[PDB]
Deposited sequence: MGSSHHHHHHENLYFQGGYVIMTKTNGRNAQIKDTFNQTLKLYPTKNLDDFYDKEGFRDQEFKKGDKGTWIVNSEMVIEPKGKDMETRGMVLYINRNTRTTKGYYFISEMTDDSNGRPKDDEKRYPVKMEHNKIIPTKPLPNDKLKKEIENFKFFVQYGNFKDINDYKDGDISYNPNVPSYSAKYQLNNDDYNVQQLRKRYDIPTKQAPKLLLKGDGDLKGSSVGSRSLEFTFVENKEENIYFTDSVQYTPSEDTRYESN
């Protein structure tokens, strides 16, 4: 049924974890459909972000996005910060990635920010998942409109990925998160369709703490 097609496409995403050297993406071809021109080897877009909005404060978002272009074999993007719940207060700090190092291309307003960039690791570089069918009490959702679909699982605080996130980020909640897998576009795949995952620590009306990651192969601009 649709649940098995949803699990299958999501398992294909989980399989990328980990890719510890980002340069390996220069030599990885993802799913190709008719939206790619014959001459375009594609671009991998990697995006990791941590969102922390504690009760009664601003929703602070910090993350990075890299465009790993297989045609140029060069990688550019930015580190971003937002304090808004496109984001109307986003500040982007440009970077490049060479030999698996993140290098700012303009000076930073302060050292804390320069060090966060320099030491940055995308969740694809260190995450590692089980087979999707090994996660426990999954709510699988399917909407034919887009179509869009999701798979939601409850994790435990001793889960390897949860521990890695708590090591690398100061996450102000003790709660074990949900693993939320999200996708849209034809189930077989689409260069225009999305795939993302989320570790949802807290989700309510006045407090939101979550981490999002996406690693996607797309046609180059």
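Note: segments 1 to 26, 112 to 117, 254 to 260 of the deposited sequence have no C-alpha coordinates in the structure.
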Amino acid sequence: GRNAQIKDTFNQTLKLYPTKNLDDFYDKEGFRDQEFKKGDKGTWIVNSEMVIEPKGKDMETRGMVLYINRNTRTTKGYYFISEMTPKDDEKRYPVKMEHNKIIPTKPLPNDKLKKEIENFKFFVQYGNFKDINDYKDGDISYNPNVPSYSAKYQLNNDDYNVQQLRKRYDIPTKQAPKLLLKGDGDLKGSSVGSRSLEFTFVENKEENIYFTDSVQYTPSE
From here on, numbers count along this sequence of modelled residues.
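In this entry, 1 to 9 has the higher mean Cα B-factor, the comparison being between 212 to 220 and 1 to 9.
As listed in the deposited structure, the average C-alpha B-factor of 29 to 37 and of 155 to 163 is greater for 29 to 37. Highest C-alpha temperature factor among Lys178, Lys174, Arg70, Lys188, as the PDB entry reports it: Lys188. Of the candidates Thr74, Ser150, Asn143, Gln125, it is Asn143 whose Cα B-factor is highest according to the PDB record. Per the deposited record, the Cα B-factor of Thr19 falls in the middle third when ranked against the other modelled residues of its chain. Among the modelled residues of the chain, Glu49 sits in the lowest third by CA temperature factor in this PDB entry. The deposited CA B-factor of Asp134 belongs to the highest third of values across its chain. Ranked by Cα temperature factor within the chain, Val95 sits in the lowest third according to the deposited record. In the deposited entry, the Cα temperature factor of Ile117 sits in the bottom third of values across the chain's modelled residues.
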